[PDB]
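Close look at the chain arrangement
The residues making up each chain are set out below.
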Amino acid sequence: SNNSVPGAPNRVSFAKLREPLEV
Amino acid sequence: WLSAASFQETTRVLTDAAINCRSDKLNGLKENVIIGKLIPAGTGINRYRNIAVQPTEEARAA
Amino acid sequence: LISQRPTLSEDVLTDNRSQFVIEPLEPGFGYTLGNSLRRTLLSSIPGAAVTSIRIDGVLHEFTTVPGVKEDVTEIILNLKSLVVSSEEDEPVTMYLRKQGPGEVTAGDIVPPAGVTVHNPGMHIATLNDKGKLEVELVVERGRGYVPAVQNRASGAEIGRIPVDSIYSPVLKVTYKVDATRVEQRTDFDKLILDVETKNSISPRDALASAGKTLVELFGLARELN
Amino acid sequence: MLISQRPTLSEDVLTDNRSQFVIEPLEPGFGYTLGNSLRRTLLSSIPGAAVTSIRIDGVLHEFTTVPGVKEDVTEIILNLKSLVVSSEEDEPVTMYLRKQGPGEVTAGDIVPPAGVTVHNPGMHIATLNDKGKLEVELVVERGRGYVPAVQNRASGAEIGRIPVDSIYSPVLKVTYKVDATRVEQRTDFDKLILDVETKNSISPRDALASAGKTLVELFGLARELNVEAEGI
Amino acid sequence: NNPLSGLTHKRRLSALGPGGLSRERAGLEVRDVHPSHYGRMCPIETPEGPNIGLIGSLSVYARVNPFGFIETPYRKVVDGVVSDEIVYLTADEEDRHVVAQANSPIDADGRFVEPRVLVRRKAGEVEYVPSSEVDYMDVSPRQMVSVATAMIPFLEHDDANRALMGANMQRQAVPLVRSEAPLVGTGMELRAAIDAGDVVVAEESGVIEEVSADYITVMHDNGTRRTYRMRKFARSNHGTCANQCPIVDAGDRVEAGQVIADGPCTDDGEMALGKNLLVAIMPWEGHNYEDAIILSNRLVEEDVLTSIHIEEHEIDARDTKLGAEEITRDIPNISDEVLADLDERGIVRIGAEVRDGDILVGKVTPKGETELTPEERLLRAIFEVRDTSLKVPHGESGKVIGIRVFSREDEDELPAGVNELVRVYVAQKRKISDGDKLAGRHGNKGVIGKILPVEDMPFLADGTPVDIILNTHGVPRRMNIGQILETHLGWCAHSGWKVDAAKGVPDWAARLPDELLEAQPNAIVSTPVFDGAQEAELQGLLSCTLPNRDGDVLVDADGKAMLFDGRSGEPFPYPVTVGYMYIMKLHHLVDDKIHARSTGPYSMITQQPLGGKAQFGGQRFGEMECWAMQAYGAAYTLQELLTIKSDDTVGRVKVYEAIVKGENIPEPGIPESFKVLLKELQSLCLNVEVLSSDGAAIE
Amino acid sequence: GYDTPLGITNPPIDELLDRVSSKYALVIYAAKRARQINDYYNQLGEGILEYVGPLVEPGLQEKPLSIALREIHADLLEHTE
Amino acid sequence: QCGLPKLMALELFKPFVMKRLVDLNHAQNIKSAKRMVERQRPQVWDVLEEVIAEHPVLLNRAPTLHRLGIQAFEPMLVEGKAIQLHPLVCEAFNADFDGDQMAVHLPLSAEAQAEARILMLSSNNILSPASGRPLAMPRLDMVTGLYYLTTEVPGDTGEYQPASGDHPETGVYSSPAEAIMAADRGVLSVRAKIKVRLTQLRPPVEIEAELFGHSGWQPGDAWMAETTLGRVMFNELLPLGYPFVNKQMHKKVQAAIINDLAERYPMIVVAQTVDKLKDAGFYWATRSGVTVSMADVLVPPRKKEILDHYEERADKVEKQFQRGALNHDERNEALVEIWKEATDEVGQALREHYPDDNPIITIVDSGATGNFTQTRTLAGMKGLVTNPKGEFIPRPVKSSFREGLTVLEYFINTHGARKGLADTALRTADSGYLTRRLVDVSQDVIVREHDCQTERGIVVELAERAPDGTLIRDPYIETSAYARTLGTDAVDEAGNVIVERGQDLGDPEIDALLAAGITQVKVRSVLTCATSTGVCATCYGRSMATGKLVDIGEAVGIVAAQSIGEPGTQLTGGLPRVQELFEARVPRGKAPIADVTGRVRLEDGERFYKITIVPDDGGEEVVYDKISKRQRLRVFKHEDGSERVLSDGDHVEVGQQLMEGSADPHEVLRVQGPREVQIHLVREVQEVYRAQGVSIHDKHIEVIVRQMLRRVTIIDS
RNA sequence: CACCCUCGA
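Residues numbered from 1 in each chain as written, not as in the entry; some residues may be left out. Chains lettered and ligands numbered in written order. Part of a larger assembly, values for the part shown. Heavy atoms only, no water. Residues with missing side-chain atoms left out of burial classes, pairs and counts.

As recorded in the entry header, the structure was determined using X-ray crystallography to a resolution of 3.50 Å.

A closer look at the overall build of chain G
From N to C terminus, chain G includes 25 helices and 21 strands. Its C-alpha atoms put chain G at 90 × 80 × 65 Å along the principal axes. (Helix = DSSP H or I, 4+ residues; strand = E, 2+ residues; numbered from the N terminus.)

Comments concerning helix α9 (residues 535-543) of chain E
Three or more residues of α9(E) are buried, namely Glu535(E), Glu537(E), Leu538(E), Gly540(E), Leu541(E) and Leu542(E). Looking at the packing, one finds that the buried side of α9(E) touches α8 (481-495) and β37 (497-498) of chain E. (Buried < 20%, exposed > 50% of the residue type's maximum accessible area, 1.4 Å probe, protein only. Contact = heavy atoms within 4.5 Å.)

Overview of the interface of chain E and chain G
Residue-level contacts link 112 residues of chain E with 101 residues of chain G. Of the roughly 9,500 Å² buried at the junction of chain E and chain G (both faces included), carbon and sulfur atoms supply 64%. At the surface where chain E touches chain G, the tally comes to 7 salt bridges. As a salt-bridge pair, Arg436(G) and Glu623(E) come within 3.7 Å of each other at their nearest N and O atoms. Applying the counting rule to chain E against chain G returns 46 residue pairs in polar contact. Ranked by residues supplied to the side of chain E that touches chain G, first place goes to helix α11 (residues 623-632) of chain E with 9 residues. The residue makeup of the side of chain E that touches chain G, split by class, is 56 nonpolar, 28 polar and 28 charged. (Buried area = accessible area lost by both parts, 1.4 Å probe. Salt bridge = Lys/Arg side-chain N within 4 Å of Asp/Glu carboxyl O. Polar contact = N/O pair within 3.5 Å; in protein donor to acceptor, adjacent residues only side chain to side chain. Nonpolar A, V, L, I, M, F, W, Y, C, P; charged D, E, K, R; others polar.)

Observations concerning the interface of chain A and chain E
On the chain E side, the residues contacting the 21 residues of chain A number 44 residues. Across 2 bridges, the pairing between strand β1 (residues 12-13) of chain A and strand β39 (residues 525-526) of chain E is parallel. Looking at β39(E), one finds that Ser13(A) is bridged to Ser526(E). (Pairing = 2+ DSSP bridges.)

Quick notes on the sheet that holds strand β6 (residues 172-173) of chain G
The 3 strands lie next to each other as β6-β7-β8 (chain G), forming an open sheet whose pairing is mixed. With partners counted over all chains shown, the strands left at the sheet margins are β6 and β8 (223-225) of chain G, one partner each.

Re the state of the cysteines
In total, this model carries 0 disulfides over all chains according to the counting rule given. We note that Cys265(E) lacks a disulfide partner, and the nearest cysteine sulfur, in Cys241(E), lies 10 Å from it. The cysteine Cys452(G) is free of any disulfide, with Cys539(G) supplying the nearest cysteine sulfur at 3.7 Å. (Disulfide = S-S within 2.5 Å.)

Considerations on the domain arrangement of chain G
Residues and elements named next belong to chain G. Each assigned domain of chain G is listed here: domain 1 (141-287) and domain 2 (294-425). Summarising the inter-unit geometry, the C-alpha centres of domain 1 and domain 2 are found 42 Å apart. At the junction of the two partners, domain 1 supplies 5 residues and domain 2 supplies 5 residues. Approximately 490 Å² of surface area, both sides summed, lies buried where domain 1 meets domain 2, with 58% of it carried by carbon and sulfur atoms. Our enumeration of links across domain 1 and domain 2 arrives at 0 salt bridges. (Domains from an automatic or database assignment.)

Section: helix α1 (residues 3-10) of chain E
Here α1(E) has its buried residues at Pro3(E), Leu4(E), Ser5(E), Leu7(E) and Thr8(E). In this structure, the buried residues of α1(E) make contact with β1 (12-14), β2 (55-57), α4 (160-170), α5 (188-196) and β21 (270-271) of chain E.

Thoughts on the protein's contact with RNA strand H
Around RNA strand H, the structure places 14 residues, and the nearest of them are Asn51(E), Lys437(E), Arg61(G), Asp96(G) and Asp100(G). Of everything in RNA strand H that lies within 4 Å of the protein, sugar and phosphate atoms constitute 100%. One of the side-chain nitrogen or oxygen atoms of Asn51(E) is found 2.9 Å away from a phosphate oxygen of RNA strand H. At a separation of 2.8 Å, a phosphate oxygen of RNA strand H approaches a polar side-chain atom of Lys437(E). Split into classes, the residues belonging to the surface near RNA strand H amount to 2 nonpolar, 3 polar and 9 charged. (Near = heavy atom within 4 Å.)

Structural notes on the pattern of salt bridges
According to the stated counting rule, one finds 117 salt bridges over all chains in the structure shown. Measuring nitrogen to oxygen at the nearest pair gives 3.9 Å for the salt bridge that ties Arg152(C) to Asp358(E). Separated into two different chains, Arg152(C) in the loop between β10 (145-146) and β11 (161-162) and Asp358(E) in the loop between β27 (353-354) and β28 (359-361) make up a pair that spans both. Residue classification places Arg152(C) among the partly exposed residues on the basis of a relative accessible area of 42%. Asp100(G) is the partner of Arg61(G) in a salt bridge, and the nearest nitrogen-oxygen pair spans 3.0 Å. A residue pair is termed long-range when its members are at least 10 positions apart, and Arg61(G) in the loop between β2 (57-60) and β3 (70-73) and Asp100(G) in the loop between α5 (90-93) and β5 (103-105) qualify at 39 residues. Bridged by salt links that share partners, the residues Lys30(B), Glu623(E), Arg436(G) and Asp440(G) form one connected network.

Focus on the nonpolar core
In this structure, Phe14(A), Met271(E), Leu489(E), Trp497(E), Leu541(E), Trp339(G) and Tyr410(G) are the most contacted members of the largest nonpolar core, which totals 106 residues. The dominant element in this core, judged by the number of residues it contributes, is helix α14 (residues 328-353) of chain G, at 8 residues. When residues no more than four places from it in sequence are discounted, the contact partners of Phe14(A) are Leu489(E), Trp497(E), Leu512(E), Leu516(E), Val525(E), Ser526(E), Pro528(E), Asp531(E), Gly532(E), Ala533(E), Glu537(E) and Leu541(E). Counting 96 residues, the second-largest nonpolar core is a separate cluster that includes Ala34(F), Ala116(G), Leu119(G) and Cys529(G). (Core = buried A, V, L, I, M, F, W, Y, C linked by side-chain atoms within 4.5 Å.)

Things to note about the domain arrangement of chain D
All names here are of chain D. The domains assigned to chain D are domain 1 (1-47 + 169-232) and domain 2 (48-168). Here the C-alpha centre of domain 2 lies 35 Å away from the C-alpha centre of domain 1. At the junction of the two partners, domain 1 supplies 10 residues and domain 2 supplies 10 residues. Summing the contributions of domain 1 and of domain 2, the shared interface buries around 770 Å²; its carbon and sulfur component is 51%.

Regarding the environment of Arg386(E)
Residue placement: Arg386(E) occurs in strand β30 (residues 385-387). The contact partners of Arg386(E), leaving out residues within four places of it in the chain, are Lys363(E), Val364(E), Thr365(E) and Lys367(E).

Comments concerning the sheet that holds strand β10 (residues 184-185) of chain E
Strand order in the open sheet made by the 3 strands is β1(A)-β39(E)-β10(E), with parallel pairing throughout. For this open sheet the edge positions go to β1 of chain A together with β10 of chain E, each flanked by a neighbour on one side alone.

Digging into a negative patch on the surface
All names here are of chain G. Judged by side-chain charge, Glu305, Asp308, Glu312 and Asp315 come together as a negatively charged surface patch. Along the chain, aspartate 308 falls in helix α13 (residues 303-320). According to the relative accessible area criterion, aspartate 308 is partly exposed, its value standing at 48%. (Patch = residues over 30% accessible without salt bridge, like charges linked within 9 Å, V, L, I, M, F, W, Y side chains within 5 Å. Areas by Shrake-Rupley, 256 points an atom, 1.4 Å probe, with all protein chains shown as cover. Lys, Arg positive; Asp, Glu negative; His and termini not counted. Charge placed at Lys NZ, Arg CZ, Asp CG, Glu CD.)

With respect to the packing of aromatic side chains
Counting across every chain of the model gives 20 aromatic pairs over all chains. Pairing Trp223(G) with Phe244(G) gives two aromatic rings, centres 6.1 Å apart and planes at 80°, and the pair type is edge-to-face. Highlighted residues: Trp223(G) in strand β8 and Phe244(G) in the loop between α10 (229-235) and α11 (251-264), separated in sequence by 21 residues. Aromatic rings pair up to connect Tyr31(C), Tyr175(C), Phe459(E) and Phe564(E) into one cluster. Taking the ring centre of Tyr602(E) as reference, the NZ or CZ of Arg652(E) above it sits at 3.5 Å. (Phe/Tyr/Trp six-rings, centres within 6.5 Å; stacked < 30°, edge-to-face > 60°. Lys NZ or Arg CZ within 6 Å of the ring centre and 35° of its normal.)

Examining the packing of helix α17 (residues 407-441) of chain G against helix α22 (residues 575-582) of chain G
All names here are of chain G. Taken N-terminus to C-terminus, the directions of α17 and α22 make an angle of 20°; their axes are 11 Å apart at the nearest point. The orientation of α17 with respect to α22, classified from their angle, is roughly parallel. The two elements α17 and α22 meet at a crossing, and its hand is left-handed. On α22, the residues touching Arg427, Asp430, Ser431, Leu434, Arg437 and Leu438 of α17 are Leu575, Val578, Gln579 and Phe582. When its residues are assigned to classes, the contact of α17 with α22 shows 5 nonpolar, 2 polar and 3 charged. (Axes fitted to C-alpha atoms, helices over the stretch in contact; angles between N-to-C directions. Parallel < 35°, antiparallel > 145°, perpendicular 65-115°, else oblique. Left-handed = near helix turned anticlockwise from the far one by under 90°.)

Structure (structure tokens):
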């Protein structure tokens, strides 16, 4: 899942690398 | 001196112009463009400029 | 290798979608008839649509009405989806009065004799406790797409709100051809036309309008000079 | 629905068998809708007659040269394919063409059986040399459009018979273009320009009328469903 | 213009200004990218005009320390092991270590898979180094880019030029009437929209007590209530429409920090700078010739690319020498038909549609008698205030939505000498027109060269006509392969896909998360910058695209589909790349950029026509254009341009008279500007004189 | 030996450059004759010695320049350099 | 034609509309007519059409680099608010459609309307005044469509078959109309080779002679041709009577055809033919299947198998540097040469991997636009990228834009990209400044006389004869021989003269000399025109735009300045060398010259360089002093061997450049004379412009050099 | 109108 912090729509990401720190 | 003062070094040109008391023969494209005369080129040269057109004597009835 | 006349048969897929088979057609002719019928259907089919609206508490589009969730711009967009048919061929007024709380749909409209709404369940607005909605809707009959008539060009005053009119009742038209290219004396095309409408008219009625359109139009070539 | 009035058709005659037609002005964008349909109907849906296959005496497996004539077999077939003919009999019809000695073979030297008619008796076919002889049989059928010779593979008997491409369509070359014309204030209306070059079998006016009649019936099949509304 | 533009503006780094340097004092070395910009200043987002390199955008994860330098985060590598310990380093601090690129293969525990890894080293040196040498590594792949740049899908496949243009044009997007979030995204849309501040986020969790188009009241759990007011049809600094709409409904549980209402270019909290358009990549009869764009009239009929623009008009009533200007409906020699839309004060009423030239505020100013023309005085005798009404400027037209009046008589504090002030707000609903500028996210820009009817457009197999036609020739030259990829994935998002799970997971989708093996139509996906969808996975997804409602698969595994020419009917001979692309409406519309002038104001000193559309000025026939005329030899046209059409005080008037009389054009006179030149040379103690053929000086 | 000239391309510029020595001279010829024709249309109701009217048959609402340019093509004017 | 909005024309023609509204009694007086126009009453739109009728306007797009940056058009009232421009003039304006804006000017005076109608109409300005080659021609999509339908497909359906077995010749059509019907049914492909009887197209002059010859082919005469239906459709576009061309229409071929048409056929014919080509080209570019897709961007199959080699040669140098066997500064050049060969080998691996069905190959190979190097970066590899310093980075960009750049790969591409944009802005600035200087120095250079009668001309190396006997075309024929006029009778080995004096060396007229064996001409030059003030027409030559002798009064000086300053936008020697030449500076090279013809005295050492010359006739030794950091030019020594490095004993002539570099023109003047220094400047500048792909005719450069040497100094009053 | 900013081909 992409951007699972505020309650946003579930945008699915082709991400291979995990995000250790959020923007 | 008017064609040169409008190119580069305006003050340096006008100083020399005033010292030499130079007279500008208003006969050049840049100069006539500045003062609004017809450029001495193309349709401005004296061969084409002063021309009178008159119809041949053939004419319609009315 | 001589003419047989072509036959047209209808196949019903849904209540608002039909396939038409035209056969036999000259080789290469199927695609052209599909395209000609499609172009006439998508742009020259008579329908009815809302010409203008008028909300009491508003004067222009760029405002809000107290108690409703949608602003006037969103109300007009939601009203653009309204499918309606009219028998009058002259301007006719529909009315809508509804008090909140609740949801205002296309079924809450009261159509005068001659006009009819075909999807009463369309969402229009959400009214809270303090919501009240009073709307007049002027519906005319036409074809194609005509922009919202200006008030400077019309005699309408300030309280009138013009809207874009999407008259066309047809939704989607496509076609396919099955060619018989068996290297013999008999080659021929079979056309399959696909017509889907918006419950304003049946696909057969749309195709009939297009057929009358083209018959009348092509009649111009028969007259000599 | 209501009306859309003043569409007129005007003809400009270029030659005795070639005309330009202007349909003007049409609602946007009906010119494109009907132009291609009219072109295809003209080139493919006008009844005509043409040569289906032929058979030249002395040619069985070579199809290369005929002794005594300047033109080889392919050129003979080419000049015979341009022959314009009309027939009132639906079934195939057999014509013969025989001429011996030096001279010139014309389309008038052909003997048409009862029912068929040749419309260009002056077309050059071949030049016959000294002691030259040319005998050819011609199969004429009725059809429409253009059907290739390969499908005519059966019309040639395994005994010298050569199938030819059949130009059944009486029209030869059609083109069209659409321009924009402003009737009153908007410049969306379309102006259709048809350019039709046909054979001397029929005039462009009658050809266009035939295509129009066929197309009217064709779309009348759609009109006969419910009958509702559209302008005049 | 749109929330992203404002955000980027607030995150700008400008090199110009006091204490810094002058623009003339900036060589080619201050402007190019420096190896220390990594993770601090974006190397892409920078203007391409004379300010290139002087203005940058702060990187995403970058911050500023109390000293003033820009810090960026890095993951500390202990003993060849990636750690979640994050430390912010400055430039010089970063140079004292060596950092690995973000996309290094890492073990699930933290150990690097390959012994050699890409590493950045002091003085901007890039090389491979053993795994036992890496001290830190990058946080995220997108660590080096800006906010806007991180918003370009498949950014790794676009050159820096077209990428610069894409990021710079995203900030030029126009807020549409209704906003649609893009199908193909990057992940940055959400936080960009939220942190921009043009949405409405709930400060504290609670439930929605009462929601209206005007405001939203939230009843917290503790008992307190907070009401957020929506900004409706507000004029932005650049004329765009800032309009907030509630998303939640009445009685909806909402958590803290959730978007309860989104504004312009926003959809459910994500930046929606444009629309998802069905695109076909093919030449079409020359209407899209080199970078021109063809659009379907659907986008006009359904207001897909319609946008709202608001203009502010202003007028004041001052005290004059002969009295005081008064704003009145009573205007001399004006019919009752033009004044029909004004209230009793001379102000236009709300809701009235006004064309250019129509009166908005009627103001008359008293003019003295000694200022009247002899013909004006006679016309006054043969039959004291003059018309200074506020008229609508040329090219403006819309609905009057708001009026604001300030009166010195009514306590309103106006500048000394003003008695009344009126501001009229005019709103226009601009549909997409021939010449408006659209663009994608990859610097793929173009104007609208033709809007064909819905039936003329090449349509897919199932009858759906495409929406936009882009010429193919202007694609492979620019090296913006992104759009291509973006197109393909776009379609896969619209139709959905279903990967063959039976007989194991295919070999291409082994690296895809399990959440992607199945997707419904209109699915939302993210292609993170420098990560995200790889070409192999995209190939596979095109292989397993969902069929339509009839059960037919329209596009091929190559991504192309068979289209039918809506004008002739014959199918196009070859398959065509068809997909969905996110297209934005840029703020460069013909409705604003069109201009023309017959006559109008002239500068007092030089007596030459004014400049700019707003001043009703003329175009400047510059030096190079005079060279063009001279090269053609069009002597008379050049003289005409520089005399009767410009600053010939008597010549231009006689030209006007000769036109309205039908007579011929008179002979041009002397430019007044040259008279000024002579007087200026005299002011410098230079005796300039014009001599005749005889030698006498002429005055 | 060419398609029908349409609009402003008529008369053909190639034939026009045969009755004249150069591109530049033709300009003055056409323009001064157009001035004469305009004076004719402005002095038709008043005064004598009016300049010679349109030599050729003018089309309905044809610009004086076009009429003069066709007269040049039909060898109906002289010159004086 | 051009299409302007209605609201633009209404304001532009406001007074005219007022006049005609008050004439037709739509308005009582002219005042109320003004009010009507300002309120935009519906009557004006019908009246406005009468006003704009055949009233030309001028379209200008800044920057106005050359005179074709402004052109006249007939205005057409269009709805909307954008100007509609013809697709063919885009090249002249250098105008794309991504937000470009154009200015419109309305000529008012009758003289102004005539100047716009005759001098500035777009149809009368098809050719570039700088080079003579056409500009308003099929350029992008149009050339692609034409290259499409004029392509021969071997296996296409409907192909001609020879008579074999029981069937005669298959695929032999009696009329092109029959071929059209066959293609309509779906039997014949437009690109299939067939035999067609043509009756309205002149056959090639090759076959027209053997088939007819005695009498020219006549409209109606039939003949067989082995072409495709598409090529026939193409040959109907160009005018009747043009020899049928059975080629594949590459861009070069179309430019050649239109150039021949401009040379032979009149203006209007070309103006209409190119519009026909435009229509056909768009029609078929729509149906050419030209499309971009990720699959059509084919990466080399052995790409990894190609790349690890060069990564590995990059690894080579690291230990010849670890043990100190290579210097750190030499390593960089080594690795640069490593990867530069990579890009070439990858290009060869790309050309064969790309099929011909590939739309990118159809775009590039058809001459539409773009090089194959772009296709290497797109499909092969980006390669070595340069940092803002200048030297190539010892580490390349291995990835392709299809594969996906790494984070650092993109960051490292950005140095070069941004510096590209920056130095492009700076290059444009310097170019424009040079342009205005050149304009002012030659603004008053006008053609005032017909023929100055001077024998003075200059020798042009028409061609060079190979030792075996074959003649090699000189690469400078295009820029030095065309549009010239002769200054010496052309003589072959026989006494027949090939070209008389004063005959503009056209294309066939050059073929005359080339097939005659003569390899040198003496042509009239503006350098040699001995006129008091202006220049003569005979020495100037052919007006590159008009295709004929220049008319008296044309400001050829401004035309030359603009022709030279327009391509200055694309340069790297370089543009500063152009400035060094035009400003008469003491060059960087500062190459010495032989003040007296004689015997060379190579006295080379290592401390320094000193060279003397012993005069071949009388005189005294002439000594020089140069640094050993220069190098001797391989002078075409008397031995006839061009590779003769200057050693002692050679017989050099007076004014011969000794060591490589750039000789000081100031000394060339006081050595060889004004004529030779003029020639030196001309071809030394032309080297700079030609080494970059820019073709400027020597005429324009000579016009400037003529102004550089008009003055002399005073020694004694 | 003087400077200033941001931007477009």
